[PDB]
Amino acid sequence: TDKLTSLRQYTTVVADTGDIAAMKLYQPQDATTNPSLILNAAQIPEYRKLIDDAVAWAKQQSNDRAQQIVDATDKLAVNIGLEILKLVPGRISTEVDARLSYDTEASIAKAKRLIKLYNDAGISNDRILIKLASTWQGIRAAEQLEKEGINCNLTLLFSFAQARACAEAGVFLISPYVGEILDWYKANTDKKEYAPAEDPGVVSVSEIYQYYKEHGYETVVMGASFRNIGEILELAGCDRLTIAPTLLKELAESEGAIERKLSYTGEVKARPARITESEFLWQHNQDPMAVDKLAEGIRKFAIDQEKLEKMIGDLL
């Protein structure tokens, strides 16, 4: 057998790409996009139809250039999601404009707007995850959105504070990061070689998974962002794992069954009082890796948003 097939016994496999070609090749349960992958996917010549559709659609909403840019960029990301939904039986994750990350009300509105576009194309909410950065503001947006029947994927999750607050908000899914935590440690410590079980992104996701199962939380744990297949196999058992095509290819080409690494066989323990905002801020900011990587990820995705708008502006 091969390591991809073996992994699927323990973990739901999700493809982290806007490339529909990968969905046919790997046949994942779900798919995830983010603003960088939408920008990359938007630049593939074969996707020009989706852009053109998005723009034509945008042009039939308003006569305002600034608004058309918004409508077209939203619609393009949803258009990509619809193509993926034709080829995957589960969820598509679509991420809000990252410039909204510290704004709860704007994030709630933007999530409702994307849900509306998806519903207008005949997709129910049970096939969509709206992706929001796991800042306090995004977590509060998610708590409200779930109550309104909108399922969320809380992403760029780096600190335990973030993990706990997402669990207590009752979010449908978390995407705790792995590879970018490895990046931070190599960059900020002497040690630049880790065995899989000591990879600090692996440690983080493993700890979060235990805290989640230990307290009976229903939020799905989906490890995300990988540097190597060693990291993935060390997280076999994770509810879901979203994996880039390059690493899906390496798993599929690797021979030999793997063991399940991540389990919780135990009692549902009682939950603490909920973390307050002040406690969350203290605790997140105790973690210098999370301080850096949350802020950075939001910055980079906002830049991708701006580039997408520059492309769309050039087509209006």
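So that there is no doubt, residue numbering starts at 1 and follows the sequence shown.
Entry-level comparison of average CA B-factors, 294-302 and 16-24, reporting the higher stretch: That would be 16-24.
Quick one: higher average CA temperature factor, 49-57 or 271-279? The recorded data point to 49-57.
I'd like to know which of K86, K131, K192, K112 has the highest C-alpha temperature factor in the PDB entry. In the PDB entry, the greatest C-alpha B-factor among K86, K131, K192, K112 is found at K192.
Can you tell me which third, lowest, middle or highest, the CA B-factor of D71 falls into for its chain? For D71, whose C-alpha B-factor we compare with every modelled residue in the chain, the answer is the highest third.
Taking the values exactly as deposited, rank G230 by C-alpha B-factor within its chain and report the matching third: lowest, middle or highest. Middle third by C-alpha B-factor.
Split into thirds by Cα B-factor across the chain's modelled residues, where does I92 land: lowest, middle or highest? Within its chain, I92 is a lowest-third residue by C-alpha B-factor, going by the deposited values.
When the deposited Cα B-factors of this chain's modelled residues are ordered and cut into thirds, is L247 in the lowest, the middle or the highest one? It belongs to the middle third of the chain when residues are ordered by C-alpha B-factor.
CA B-factor ranking of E146, expressed as a third of its chain: Middle third by C-alpha B-factor.
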